[PDB]
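So the structure is just underneath, and the comments pick up after that.
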Amino acid sequence: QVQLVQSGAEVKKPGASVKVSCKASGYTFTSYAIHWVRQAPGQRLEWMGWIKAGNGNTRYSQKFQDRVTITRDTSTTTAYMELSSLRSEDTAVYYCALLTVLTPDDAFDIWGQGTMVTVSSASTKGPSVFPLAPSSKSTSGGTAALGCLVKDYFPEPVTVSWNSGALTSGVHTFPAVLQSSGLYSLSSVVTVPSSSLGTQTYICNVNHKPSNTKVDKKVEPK
Amino acid sequence: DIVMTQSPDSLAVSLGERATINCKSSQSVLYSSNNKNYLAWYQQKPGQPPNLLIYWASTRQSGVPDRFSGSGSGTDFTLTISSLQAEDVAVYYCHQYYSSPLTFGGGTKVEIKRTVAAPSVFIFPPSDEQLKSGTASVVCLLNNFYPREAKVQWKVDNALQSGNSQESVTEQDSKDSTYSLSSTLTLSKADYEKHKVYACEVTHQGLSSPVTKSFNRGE
Amino acid sequence: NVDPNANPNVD
């Protein structure tokens, strides 16, 4: 029950500002300092700053002093990070974390799930979702493959779940590819018993927050 | 800034074998007053946030398996996984909290070497729905293979295709240590309707000859 | 010379 829940992925134009939230829960909020760390794609973790959730004092990295502001709302047990004058280079995953609460008895370290922020001039586009239906050409040796093709969206990320999260085993959601059009595309697939295609129901749940798009697609045989 | 440098950037070792990761810091992170190294090790499994493994250079976080251990002092530190398990697929980062700003190493990606496994191959014709939109995507799925190297060629009516397909490979699976791969051939509807036979041909170390899955458009 | 305010969560 101790956890940090961050706000959802966002897209912004260069020069704009973004504000990410970190809802804390399960411990006494004012006791510990909340840090903000960013992870640029294919790169290391970059510390941005921390705020003491009690007295609200802050410390920022010199790399980000100019244009980061870290605040906290004691009544809602929430911490916020605002990055302004955004540039395309600021495209990254932003994490809030209780980094290394080190005491004699315990060590306590908790991270939020991350918030992907894309800074781009390109237009936002929600995906088209198509079934990858099981048939004789995707069934072999008692196993059937099926999936959903999530085509032509921008920016990342799309999240894919199956059966509202009840189906996770055997699921492969592939890394997106960049199409020549500048839009992304991916597939999510799952292998299941071919014998149970007649009795089981498979629904891919696709969510693209930047375009506020949500699609549930039932994937049926043939 | 205390710069953190990890070595190697990547390593592959077999299941059950020892994996060692190195980290060097610009300055010493050993505090003379309490003789403690202000250094931690984090694990980041695919798609998940970092997870604390070691702190004070050599103290295991509660719940971390005993096979993870940390050693070193001053500027030189090591993370050792004594017997690598499938679930240890991750990027590992060293971290210093001796001075501001806090800094992290560049990360080391750990791959598991398991037994050779040939891919299962599946193919999906375009959906009737996508054909209405005017495009045809043909998806070839290569499931649960190891090692990662695999070659996929497309043939339309036995003619080798070039320049109309894209591939994507998964991260290594945390349970069976395999990869999967998708190759998608994209045509216009009008181009799709010019040909009958669509085929995906797969080459992999675990196969003695190529495996082909194919379908006739309209069946 | 440790900086105690690098991470106030470290005792």
Side-chain angles (χ1 to χ4, degrees), chain A residues 2-4 6 22 24 26-39 44-54 57-61 70 72 79 81 94-114, chain B residues 1-2 4 6 21 23 25 27-31 33-45 48-64 68-73 77-79 90-105 107, chain C:
Chain A
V2 178
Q3 64 176 8
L4 303 175
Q6 302 181 223
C22 180
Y27 68 102
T28 302
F29 180 73
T30 65
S31 300
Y32 306 128
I34 296 171
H35 301 247
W36 285 92
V37 175
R38 97 178 178 177
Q39 186 166 40
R44 64 176 76 194
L45 305 173
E46 203 154 17
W47 176 81
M48 302 177 69
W50 52 250
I51 184 170
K52 297 190 185 179
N57 295 129
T58 56
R59 178 164 190 163
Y60 300 133
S61 165
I70 300 171
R72 60 91 170 78
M81 190 278 294
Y94 294 81
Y95 290 103
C96 62
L98 300 177
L99 291 177
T100 61
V101 183
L102 305 188
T103 66
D105 299 354
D106 300 346
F108 177 51
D109 188 282
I110 307 292
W111 291 62
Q113 79 276 18
Chain B
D1 307 344
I2 295 178
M4 308 293 283
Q6 294 178 231
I21 298 173
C23 178
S25 56
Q27 322 179 4
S28 168
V29 295
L30 178 61
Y31 193 26
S33 150
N34 65 6
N35 188 35
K36 291 228 269 191
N37 294 280
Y38 288 58
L39 186 137
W41 288 98
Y42 283 92
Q43 172 197 60
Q44 183 174 38
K45 307 190 186 65
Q48 308 194 249
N51 192 22
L52 178 66
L53 294 183
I54 308 296
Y55 60 102
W56 298 130
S58 58
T59 302
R60 266 188 296 280
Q61 169 64 324
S62 60
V64 175
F68 291 97
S69 86
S71 57
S73 171
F77 302 90
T78 299
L79 182 65
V91 183
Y92 296 83
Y93 295 95
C94 53
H95 174 235
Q96 72 83 21
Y97 44 97
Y98 182 96
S99 75
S100 287
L102 305 174
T103 50
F104 299 82
Chain C
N1 304 295
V2 177
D3 181 347
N5 287 309
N7 186 350
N9 294 341
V10 176
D11 160 37

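FYI, side chains are in, hydrogens and waters are out, and symmetry mates aren't considered; it's all heavy atoms of this structure. All chains are named by letter (A, B, ...) in the order of the sequence lines, taking the proteins before the strands, and each is independently numbered beginning at 1.
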Item to check | Sequence neighbours excluded - salt bridge (charged side-chain N to carboxylate O under 4.0 Å, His left out) pairs with any residue from residues 96-105 of chain A | outcome: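 The answer is none; no pair qualifies.
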Checklist entry - According to the salt bridge (charged side-chain N to carboxylate O under 4.0 Å, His left out) rule, which pairs have a member within residues 49-63 of chain B, sequence neighbours left out? => result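 Output for this query lists B:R60-B:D66.
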Next on the checklist: List the residues meeting side chain to side chain contact (heavy atoms under 4.5 Å, CB included) with B:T59, not counting sequence neighbours, and say none if there are none.
Outcome noted: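 B:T59 satisfies side chain to side chain contact (heavy atoms under 4.5 Å, CB included) with B:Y55, B:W56 only.
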Listed by chain and number, what are the side-chain hydrogen bond (donor to acceptor under 3.5 Å, both in side chains) partners of [X], not counting sequence neighbours?
X     : result
B:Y97 : none
B:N51 : none
B:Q43 : B:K45, B:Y92
B:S25 : none

Minimum heavy-atom separation for [X] and [Y], please, with both atom names.
X     : Y     : value
B:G72 : B:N37 : O-ND2, 4.0 Å
A:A24 : A:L4  : CB-CD2, 3.5 Å
B:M4  : B:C23 : CE-SG, 3.6 Å

Quick one: does [X]'s side chain have a donor or acceptor within less than 3.5 Å of a partner on [Y]'s backbone?
X     : Y      : result
A:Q3  : A:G26  : no
B:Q6  : B:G107 : yes
B:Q96 : B:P101 : yes
A:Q39 : B:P49  : no
A:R72 : A:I34  : no

Nearest 0.5 angstrom please: [X] [atom1] to [Y] [atom2], how far?
X     : Y     : atom1 : atom2 : answer
B:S58 : B:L39 : OG    : CG    : 10.0 Å
B:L30 : B:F77 : CG    : CZ    : 7.5 Å
B:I21 : B:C94 : CD1   : SG    : 9.5 Å

For residues 3-11 of chain C, which side-chain donor-acceptor pairs fall under 3.5 Å, sequence neighbours excluded?
| from | atom 1 | to | atom 2 | distance (Å) |
| --- | --- | --- | --- | --- |
| C:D3 | OD1 | C:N5 | N | 2.8 |
| C:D3 | OD2 | A:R59 | NH1 | 3.1 |
| C:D3 | OD2 | A:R59 | NH2 | 3.2 |
| C:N7 | OD1 | A:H35 | NE2 | 2.8 |
| C:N7 | OD1 | C:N9 | N | 2.9 |
| C:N7 | ND2 | A:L99 | O | 3.0 |
| C:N7 | ND2 | A:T100 | OG1 | 2.9 |
| C:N9 | OD1 | A:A33 | N | 2.9 |
| C:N9 | ND2 | A:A33 | O | 2.9 |
| C:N9 | ND2 | A:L99 | O | 3.2 |

Checklist entry - Above 12 or not: heavy atoms from other molecules or residues under 6.0 Å from CG of B:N34? => result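 Atom CG in B:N34 is crowded, with more than 12 foreign heavy atoms closer than 6.0 Å.
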Residues forming a ring pair (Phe, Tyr, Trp, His ring centres under 6.0 Å) with [X], sequence neighbours excluded:
X     : value
B:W41 : none
B:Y98 : none
A:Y95 : A:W111
A:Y32 : A:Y27, A:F108

Item to check | Positive for side-chain contact (heavy atoms from CB on, under 4.5 Å) with B:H95, one of B:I54, B:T103, B:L102 | outcome: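 The single option meeting the side-chain contact (heavy atoms from CB on, under 4.5 Å) with B:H95 is B:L102.
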Checklist entry - Should B:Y42 and B:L52 count as side-chain neighbours, where that means a heavy-atom distance under 4.5 Å? => result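 Result yes, sub-4.5 Å side-chain heavy-atom pair found.
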Checklist entry - Would you say A:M81 and A:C96 make side-chain contact, with heavy atoms under 4.5 Å? => result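 The answer is no, as the side chains (C-beta and beyond) never meet within the 4.5 Å cut-off.
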